[PDB]
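Chain residues, written in single-letter form:
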Amino acid sequence: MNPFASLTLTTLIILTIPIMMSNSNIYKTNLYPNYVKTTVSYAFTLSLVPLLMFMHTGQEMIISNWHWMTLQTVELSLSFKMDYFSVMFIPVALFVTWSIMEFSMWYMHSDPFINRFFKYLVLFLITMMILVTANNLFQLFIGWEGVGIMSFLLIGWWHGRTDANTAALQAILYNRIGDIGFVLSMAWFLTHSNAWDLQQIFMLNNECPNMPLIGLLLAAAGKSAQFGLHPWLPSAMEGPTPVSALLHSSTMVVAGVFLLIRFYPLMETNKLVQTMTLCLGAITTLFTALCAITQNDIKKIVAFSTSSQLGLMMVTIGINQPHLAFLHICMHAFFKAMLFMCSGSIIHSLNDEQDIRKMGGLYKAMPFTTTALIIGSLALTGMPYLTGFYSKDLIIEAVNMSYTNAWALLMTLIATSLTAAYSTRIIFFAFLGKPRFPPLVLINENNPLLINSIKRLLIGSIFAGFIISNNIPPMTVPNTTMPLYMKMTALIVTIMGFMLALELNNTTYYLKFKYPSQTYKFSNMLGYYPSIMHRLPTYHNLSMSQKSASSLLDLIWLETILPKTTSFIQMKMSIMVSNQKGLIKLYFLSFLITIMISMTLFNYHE
Amino acid sequence: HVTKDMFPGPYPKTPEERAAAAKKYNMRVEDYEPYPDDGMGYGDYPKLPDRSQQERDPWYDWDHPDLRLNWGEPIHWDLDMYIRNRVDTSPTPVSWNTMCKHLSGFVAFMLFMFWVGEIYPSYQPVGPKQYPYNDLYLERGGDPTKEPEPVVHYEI
Amino acid sequence: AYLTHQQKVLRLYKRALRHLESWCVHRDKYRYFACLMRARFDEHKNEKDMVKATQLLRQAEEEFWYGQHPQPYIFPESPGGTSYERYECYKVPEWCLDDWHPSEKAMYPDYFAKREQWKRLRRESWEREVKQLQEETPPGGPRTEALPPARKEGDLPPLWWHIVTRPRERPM
Amino acid sequence: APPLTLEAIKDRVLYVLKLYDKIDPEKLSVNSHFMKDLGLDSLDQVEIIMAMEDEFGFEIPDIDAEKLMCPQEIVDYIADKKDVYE
Amino acid sequence: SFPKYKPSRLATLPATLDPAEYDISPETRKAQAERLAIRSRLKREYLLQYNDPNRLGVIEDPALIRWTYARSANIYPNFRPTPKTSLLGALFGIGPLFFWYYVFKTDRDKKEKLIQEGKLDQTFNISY
Amino acid sequence: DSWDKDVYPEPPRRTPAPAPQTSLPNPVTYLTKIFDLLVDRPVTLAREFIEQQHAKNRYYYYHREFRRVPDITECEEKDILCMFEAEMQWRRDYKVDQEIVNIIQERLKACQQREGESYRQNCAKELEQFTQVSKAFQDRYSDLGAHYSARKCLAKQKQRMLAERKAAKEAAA
Amino acid sequence: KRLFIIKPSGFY
Amino acid sequence: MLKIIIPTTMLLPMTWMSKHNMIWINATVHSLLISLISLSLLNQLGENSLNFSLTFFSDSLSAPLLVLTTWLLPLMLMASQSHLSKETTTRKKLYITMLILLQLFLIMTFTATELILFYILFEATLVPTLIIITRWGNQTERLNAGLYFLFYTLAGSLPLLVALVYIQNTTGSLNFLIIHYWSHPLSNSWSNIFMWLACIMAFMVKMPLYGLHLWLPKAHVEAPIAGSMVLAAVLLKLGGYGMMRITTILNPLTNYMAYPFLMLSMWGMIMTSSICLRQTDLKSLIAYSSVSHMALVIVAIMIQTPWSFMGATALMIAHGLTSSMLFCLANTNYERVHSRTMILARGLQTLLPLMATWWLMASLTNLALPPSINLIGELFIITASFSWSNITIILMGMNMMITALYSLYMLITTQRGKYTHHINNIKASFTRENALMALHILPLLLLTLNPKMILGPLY
Amino acid sequence: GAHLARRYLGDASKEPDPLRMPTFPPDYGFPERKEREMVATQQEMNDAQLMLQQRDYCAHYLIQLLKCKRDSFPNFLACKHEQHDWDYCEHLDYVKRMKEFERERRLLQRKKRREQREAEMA
């Protein structure tokens, strides 16, 4: 206990040091990107040691040192709970960011604010680490909004980019929709449970977490790009390509999922809430993959796949596979990112182009990336003995070897087939075929940082699943006596989709005329969901705010219901008081009536 | 530089004052068309086409290409939600009714097939995991004082 | 002014073939289909009476309107592209240079020296060009946005400064 | 992106216009009027301008596409598009 | 050319399917001569100041001040007590407050009715 | 430690002494060893300076005492002197009672991590001990309002005590 | 070669 | 508190017979010194309010507002330096006198012992701001602005005066200490409802409350910048300080007649925040934002829970620092562009780097990033309201989401995008307004480190 | 799958109900059915701090798995026979549930048509 917890505290402060040096304006802005490299790589280097004793003895603890609020009965202090999930995620996160911004130094170098750029990834990193290394929801809330506003700024990296500003505007908007459930859980825990720290909430035995569980589910739904809260994740791709190989690549999107596994002690209690997760996760797997199947991009498709994947692990959370889900996330973080800058390496080399329909013939001309993308394409599908094998294949069996609704399984096989089909598609357009690219053959990847950044992710995307699986003891009862086929089905459902796509890729060569199929359009407007949600309800909500609301309620009625009416009433009859013609006969006549009615009539004398 | 005649006037009724607001608002006589006189207070402001800034042609030399507007020309009363970042009125290749029908169908069906799947809960043909020690009576949180109701199972 | 009859078809033919290569994807497949539609475009090149071509317009424009790709290949610098309006966050108007502290202006001495004569060049040019534009403009103002040339002696093209001093497309 | 100068652009367009099988190498000129010097039709003009579309990568506005007649002013148009000076 | 796209308020008829594109009457094409002329001078005057080196600061945008002044000042002078306006005033006025009054009153009454005899979950709640 | 187990009960800690039968020696053992004698050693002697400097000039600080004053029950209506004393006495008792809830939550929370996955069965004693304290707290100070006072709590205490008095007679039947 | 980059006066 | 009162009034002779150019330097430096002296007021005992004198007392509620006023006073002093240069010295000293007089009345208001003395200086703040709003305003409408602001506050002020003097004849005293200590239940007699009412609309008219807020958009968007901050930062909060005071006796009536104002407010901020999203003038958004933020405070006080009161105090102080910043931020843009239209000057990040930051966390504090005191006040309100009613959560949660919607919207429509090329007068950002924003923001993060000082006496 | 068809598209009573069965006394039909006994005592699971779902009868092997694993550090390619006992225990325990599933299945099968035989003979 002298190492480990102290080492984690050392790791999370050394990452802040670049920001402290940055704001101190004593740092040199030129080598600061390389200075950032050394910090993240070192911070990763000290991130390995906290694993060592967890492998050894498995010790876990909570660090709460400086007491912030006393708040009568509810004390507040900064607190990190280091458990299985948090401990081994830090090296996974640390290794990913070090490699992706290693690639980003070569890629993201033609911009004046690369110093300010790399600083932003740093400002993401401590916010994300604040989220994962948390012990009460408020600190996780700190990281939750920190990364969300971080995406807002990073997505809108080009402040002159109108589309990026809209994507950033949608990015936080959907993220704030998720926090509504976070606030709902926040209020319930402080009221019914009267606690904020993770430990007390779990062990208070809140066997009626129905409303909190919905609040937790809504929070993860917004953060993990569930259906209805999905389109921001594709929208985040509008920013710079490294930014797409960042927060929204596989880092920030899984924060809500990390919250889901965090609250697994109470998550399993309600089967209803347990169900709706794998439902929405299943729909994301079908829908987002379906959109990516007939599509004309690279980052968008693998972004849709990420949402399909993001729908995958919390389906397993819906079937009570928390630790297995977390293993899948780290494996997912490995190869999903791994193909991200490989796509970015293609984008940089092929003059910042994204559509597949201008790729081709790149197999021989893009050697190192070709191997990298080829492995990672079906590494997402996870052939035996791979990061994806110990996660995806076990996930498909686990939901099949459990008690779910009839359609829950079918979406999972549909997910595996549909994901693989376009996973083969993007290779076909990119490397195979013929170079549908401009005559100037600039295509090149000789940059050393390009190779080295991806190189460490080959060893990650292939080795990690094996080593981690034997390094982590099992959490649930193993599935031993099993009726054969529902395990082999996961492997096979991958290949006809590959086979169907293979001939589908061949049919592109076929000179047969093609018709505007309904499915082609349907998957290309993302199921027309952004076509109507970003159009109809927004227009109604914005429009009524002016015809009504601003004008009709406030500026037409409120000032007419009190100020103008009373002002007019005084205005109207102040005239009749003051419009006296001055006739003396009329004045004294009024005296006579007032004199007469003073008594007798009004009887003021009685 | 500013005066009432070029200020926005009341609701225009006579055709001469329709022309009067036309030169003030910088269109032609036939291009002036105020909002309906339902009492909403729009008055002399013309009902410009219900379009968005996304519909505007990028190639035209806009004086404000950041939002595709030009100096001097009249602008829309509801320009604010009809600019590039906000809601857009540009045409879509699919018919709006058809794509809305597609959405209102799919999301309705999606719930439907899962709903019947909930009515058909799939499971493996296996027995229950009867846990030892009264399915972990004390361990799960049973009362230490009173004895459990022994959930003790023989072997098959 | 109004788009002429053969001009409107040229616009529709433009993106229709861009739609075709979006559909065909492959170069050879596009080449085969582009030539087939080229002859299809040439099938009724004759029109005689303009009313026939108006009906032929309707069918043609209806064809290429449905002929759009669901996700047509929009180039990075195309309106709505990936790199479109991307570096506008870097271009800054030229007048900002005058709003520089003397230290920065002195540490860029040659550039501000040639900027000064460019500022001077704006002066006489603006003077000459405005007294050039006023009478080059016929009564009733300018009938069109086209702007008259520097057809006089030793004169600069009127209304040139912002065109010439445009923020370069690669501000970096 | 390497500093693509007009000399590379100028060579590429004329080579492609010579490459264009209907504008033969011997009858291609620097100021090649497609309607008059080369005698093509309007549709071929679209094919010519959108050939360099994919061949150069950047975009030609339609209102500038029909105006653009000769390879010399094709060269000058791309010259003012990026603002090349060398 | 297919079952045609039906125009909508949030997605209008395009520049292709619009009848006026192929129904160009002599007066409709004639209309695109003077609107261009006023735009030409309007663009001209903007250039005569935007390209003016003598001009400094900000030029007035008449449309912008027309929009702000009509969106801020000239609504009440053009306002009318029209029964329609009072109708939308009523349902968006006391309506929603009575909506949330009943909702919160019903919630409070339904919530309160079990506190006085101990039927709620309050054992672990000593903060308020 | 300054605190004692009567206030903060720390469950006894056992150490499962290892037995590395594997051919490779453990990497943790000397990894903690090096961490010990390259970081802890400089700060141990540095702390020895800090502890020895505190001994060089050790001043003193005491604990503030509070002599008990008559309660609001025995205090006089409209008498601002005595009932102010009872008011302040009641407020301090509220603050102490707030901290009693804090300690029992701290003891309860410390239990949960100590038993690990066995918190469900091995933390019931601490949970019920907090449960009765919280229930006593709820009838003590909860629901009073933001403007809580000694007289307001006394009314609540009297209201609860008359309700149970009526209940007791009802139970007598 | 090197072109000219234009920026607001950050000395202040 | 005369250790603050005496130096504050001593600012008048010093500012009225200083040199024609030292008035800005002298006023700024010694006002800051008063702020440092006022910082000593942060000390509070367990529950005993600091009873310095018979006619002056303070606790953990008055002092944070007290420091807010004293800390604020140099901020309009530096903000007004920009547009007050073109004025004669005598009129300039008159402007300083109004600000100092406004400060002096504020300190006496918070430190007042009985309600009537509190009422006198409370209302007395109308006079200095009335001159500030009207005499030194910018546009024709400011004349209608002053009357709207004056009558609205006064229309509710007079009923409170009748109720207050009625308190003295019935209870026997109006001192806050005696009132709370001699507190008695208020019956539900039909007279007592109006008795309850007369002590309420005075505080909620200047909050402002939904419906009774129209003076807020008609004054803050239209007052001089210096008057704009003090109006938004503190003057609205005068209702808050009073309402925590007057609620000590008006019980248990609040259970029933809170409803007609509660959902009047609860539908209020959501409605107001919708208007903020669809503004056309810059300062109109922040003004409409201020009432939206003030609306959750109304629920916090009225619900009468200790958690809400702490949330009310924290949101009160946090909003003051925020709303002052955005109003200062709008003033900086308005000065160079000579207008306040939102989309008039979009896309200025490329020319205003430091401003774009000053937009950034000022809006983020308006979005209330964690752990800024804005959320600490806001979240405490949520927990208190949820404990009152679960169905509350959707409403203000949706509000803080539409609050989020606009709070980036001016950031997009003022900084994000492309500059306007015809505009050429955005000069180098002067350090004066620049350092003004620094003095606004650093206390916010500094208080974020130790918020325990601004939750009021209920902490 | 097959049993799903025999219940959904077949007879629900014929197939066991996973959330209700077994519905017959296990000792009935097996005179003196020996109890499935425990190897790892309550304190064994308690001291090992095993999780509840993995605190089944196979947990006796599971603690052996961790203990070789907690002592196989550094190496992770060891610890093979430990699971070979564990998964086989889970393999046979799943068979025990499967046998109980089929037991209740043919329990439902036998009595239903036995009662149907009574319905036929009356």
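Residues numbered from 1 in each chain as written, not as in the entry; some residues may be left out. Chains lettered and ligands numbered in written order. Part of a larger assembly, values for the part shown. Heavy atoms only, no water.

The PDB entry annotates chain H as NADH-ubiquinone oxidoreductase chain 4 of Sus scrofa. Recorded under Subunit, the UniProt text for chain H is reproduced unchanged: "Core subunit of respiratory chain NADH dehydrogenase (Complex I) which is composed of 45 different subunits." Note on chain H: under the UniProt heading Sequence similarities, the record states "Belongs to the complex I subunit 4 family." (UniProt positions renumbered as here; feature names shortened; annotations may be inferred.)

As annotated in the PDB entry, chain F carries the name NADH dehydrogenase [ubiquinone] 1 beta subcomplex subunit 10 and is attributed to Sus scrofa. Word for word, the UniProt comment on chain F under Function (unreviewed entry) is "Accessory subunit that is involved in the functional assembly of the mitochondrial respiratory chain complex I. Complex I has an NADH dehydrogenase activity with ubiquinone as an immediate electron acceptor and mediates the transfer of electrons from NADH to the respiratory chain." Per UniProt, chain F has the following entry under Sequence similarities (unreviewed entry): "Belongs to the complex I NDUFB10 subunit family."

A. Quick look at the overall build of chain F. The secondary structure content of chain F amounts to five helices and zero strands. For chain F, the sequential pattern of α-helices and β-strands runs α-α-α-α-α. Principal-axis analysis of the C-alpha atoms places the extent of chain F at approximately 80 × 55 × 25 Å. Here chain F holds 173 residues, and 30% of them are scored as buried. Considering only residue pairs separated by 6 or more positions, chain F has 51% of its internal contacts joining residues 24 or more positions apart. As presented, chain F carries roughly 12,300 Å² of accessible surface, and 58% of it is formed by carbon and sulfur atoms. (Helix = DSSP H or I, 4+ residues; strand = E, 2+ residues; numbered from the N terminus. Buried < 20%, exposed > 50% of the residue type's maximum accessible area, 1.4 Å probe, protein only. Contact = heavy atoms within 4.5 Å. Areas by Shrake-Rupley, 256 points an atom, 1.4 Å probe, with all protein chains shown as cover.)

B. Seen up close, the overall build of chain H. Of regular secondary structure, chain H possesses 22 helices and zero strands. Whereas a compact globule of 459 residues would reach a radius of gyration of roughly 23 Å, chain H reaches 21 Å, a difference of no more than 12%. Oriented by its inertia axes, the alpha-carbon framework of chain H measures out at about 70 × 55 × 45 Å. Residues counted as buried form 70% of the 459 residues belonging to chain H. Of the accessible surface of chain H, which amounts to about 13,800 Å², a share of 72% is contributed by carbon and sulfur atoms. Taken as two groups, the 22 positive and 11 negative side-chain charges of chain H have centres that lie 10 Å from each other. (Rg over C-alpha atoms; globule rule 2.2 N^0.38 Å. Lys, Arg positive; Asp, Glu negative; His and termini not counted. Charge placed at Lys NZ, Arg CZ, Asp CG, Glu CD.)

C. Up close: the pairing of strand β2 (residues 76-82) of chain A. Residue and element names in this part refer to chain A. Counted residue by residue, β2 has six buried out of seven residues, so it is predominantly covered. For strand β1 (residues 61-69) and β2, the ladder comprises six bridges, and the chain directions are antiparallel. Counterpart to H67 in the pairing with β2 is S77. The antiparallel pairing of β1 with β2 creates a hairpin that spans six residues between the two strands, and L71 there sits at a positive phi of about 40°. (Pairing = 2+ DSSP bridges.)

D. Structural detail: the interface of chain E and chain B. Contacts between chain E and chain B engage 38 residues on the former and 46 residues on the latter. In total, about 3,600 Å² of surface goes out of reach between chain E and chain B, with carbon and sulfur atoms giving 59% of it. Here chain E and chain B share four salt bridges between them. For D31 of chain B, the salt bridge is made with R35 of chain E, and the minimal N-O distance between the two is 3.8 Å. Looking at the side of chain E that touches chain B, the elements with two or more residues in it are α3 (34-50), α4 (62-72) and α5 (83-91) of chain E. The leading source of residues in the side of chain E that touches chain B is α3 of chain E, at nine residues. Counted by class, the side of chain E that touches chain B contains 17 nonpolar, eight polar and 13 charged residues. (Buried area = accessible area lost by both parts, 1.4 Å probe. Salt bridge = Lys/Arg side-chain N within 4 Å of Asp/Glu carboxyl O. Nonpolar A, V, L, I, M, F, W, Y, C, P; charged D, E, K, R; others polar.)

E. Structural context of the state of the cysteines. A complete count under the given rule lists one disulfide over all chains for this structure. In this model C111 of chain F forms its disulfide with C123 of chain F; the gap between the sulfur atoms is 2.0 Å. On the sign convention where negative means left-handed, the S-S torsion of about -120° between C111 of chain F and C123 of chain F marks this disulfide as left-handed. Placement of the pair is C111 of chain F in helix α2 (residues 80-115) and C123 of chain F in the loop between α3 (119-122) and α4 (124-140), with a sequence separation of twelve residues. The exposure classification of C111 of chain F matches that of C123 of chain F, with both residues buried. Between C328 of chain H, a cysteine without a disulfide, and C276 of chain H, which holds the nearest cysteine sulfur, the sulfur-to-sulfur distance is 19 Å. (Disulfide = S-S within 2.5 Å.)

F. Just a negative patch on the surface, in detail. Side chains of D71, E74, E76, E77 and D79 of chain F sit close together on the surface and give a patch of like negative charge. In this fold, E77 of chain F is placed in the loop between α1 (28-56) and α2. (Patch = residues over 30% accessible without salt bridge, like charges linked within 9 Å, V, L, I, M, F, W, Y side chains within 5 Å.)

G. Structural detail: the packing of aromatic side chains. Under the criterion given, the structure shown has 102 aromatic pairs over all chains. Ring geometry for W188 of chain A against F189 of chain A: centres 5.9 Å apart, planes inclined by 90°, an arrangement best described as edge-to-face. Put simply, the rings of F54, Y84, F85, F89, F258, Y264 and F326 of chain A pair up and form one aromatic cluster. Between the NZ or CZ atom of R36 of chain I and the centre of the ring of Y57 of chain I, over which it lies, the distance is 4.1 Å. (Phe/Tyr/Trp six-rings, centres within 6.5 Å; stacked < 30°, edge-to-face > 60°. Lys NZ or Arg CZ within 6 Å of the ring centre and 35° of its normal.)

H. Summary view of the packing of helix α4 (residues 89-110) of chain H against helix α5 (residues 115-124) of chain H. All names here are of chain H. Across the interface, α4 lies against α5 with an axial gap of 8 Å and an inter-helix angle of 155°. Judged by the angle between their axes, α4 and α5 are roughly antiparallel. Read as a crossing pair, α4 and α5 show a hand that is left-handed. Facing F105, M108 and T109 of α4, the residues of α5 in contact are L117, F118, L121, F122 and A124. Looking at side-chain class alone, the contact of α4 with α5 contains seven nonpolar, one polar and no charged residues. (Axes fitted to C-alpha atoms, helices over the stretch in contact; angles between N-to-C directions. Parallel < 35°, antiparallel > 145°, perpendicular 65-115°, else oblique. Left-handed = near helix turned anticlockwise from the far one by under 90°.)

I. Structural view of the pattern of salt bridges. Summed over all chains, the structure comprises 80 salt bridges over all chains. A salt bridge links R68 of chain F to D93 of chain F, with the shortest nitrogen-to-oxygen separation between them at 2.9 Å. Taken together, the positions of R68 of chain F in the loop between α1 and α2 and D93 of chain F in helix α2 put the pair 25 residues apart, joining distant regions of the chain. Residue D93 of chain F is classed as partly exposed on the basis of its relative accessible area, which comes to 27%. A salt bridge links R245 of chain H to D59 of chain H; the nearest nitrogen and oxygen atoms lie 2.6 Å apart. Of this pair, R245 of chain H sits in helix α13 (residues 238-246) while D59 of chain H sits in the loop between α2 (23-39) and α3 (62-79), and the two are 186 residues apart along the sequence. When sorted by exposure, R245 of chain H lands in the same class as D59 of chain H, which is buried. Look at the salt bridges and you will find they share partners, linking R28, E30 and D31 of chain B together with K30, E34 and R35 of chain E into a network.

J. Main features of a nonpolar patch on the surface. A contiguous nonpolar surface patch, about 700 Å² in accessible area, is contributed by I492, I495, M496, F498, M499, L500, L502 and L504 of chain A. With respect to the helices and strands, the residue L502 of chain A is situated in helix α23 (residues 485-509).

K. Inspection of the environment of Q226 of chain A at higher detail. Within the element layout of this structure, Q226 of chain A appears in the loop between α9 (210-223) and α10 (232-235). The buried category is assigned to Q226 of chain A, whose relative accessible area is 4%.

L. Region of the structure containing the interface of chain A and chain F. With 25 residues of chain A at the contact, the number on the chain F side is 21 residues. For the pairing of chain A and chain F, the buried interface totals around 2,000 Å² over both sides, and the portion due to carbon and sulfur atoms is 58%. Inspection of the region where chain A meets chain F yields zero salt bridges. There are six residue pairs in polar contact connecting chain A and chain F. In terms of residue count, helix α8 (residues 198-203) of chain A provides more of the side of chain A that touches chain F than any other element does, four residues in total. Of the residues in the side of chain A that touches chain F, the class split is 13 nonpolar, eight polar and four charged. (Polar contact = N/O pair within 3.5 Å; in protein donor to acceptor, adjacent residues only side chain to side chain.)

M. Seen up close, the packing of helix α13 (residues 255-262) of chain A against helix α17 (residues 322-349) of chain A. Residue and element names in this part refer to chain A. In contact at an axis separation of 9 Å, α13 and α17 are set at 160° when each is read in the N-to-C sense. Classified by the angle their axes make, α13 and α17 are roughly antiparallel. Handedness of the α13/α17 crossing: left-handed. Where α13 approaches α17, its residues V257, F258 and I261 are matched on the opposing element by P322, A325, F326 and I329. In terms of residue class, the contact of α13 with α17 is made up of seven nonpolar, no polar and no charged.

N. Layout of the side chain of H56 of chain A. Topologically, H56 of chain A is positioned in helix α3 (residues 32-56). Here the side chain of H56 of chain A touches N26 of chain F through a polar contact of 3.3 Å, side chain to side chain. Residues within four places of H56 of chain A in sequence aside, it is in contact with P18, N26 and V28 of chain F together with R70 and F73 of chain I.

O. Layout of the nonpolar core. By size, the foremost hydrophobic cluster in this structure holds 447 residues, and its most contacted members are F182, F263, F326, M341 and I454 of chain A together with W196 of chain H. Formed by 44 residues, the second largest nonpolar core is a distinct cluster that contains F33 of chain C together with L28, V46 and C70 of chain D. (Core = buried A, V, L, I, M, F, W, Y, C linked by side-chain atoms within 4.5 Å.)

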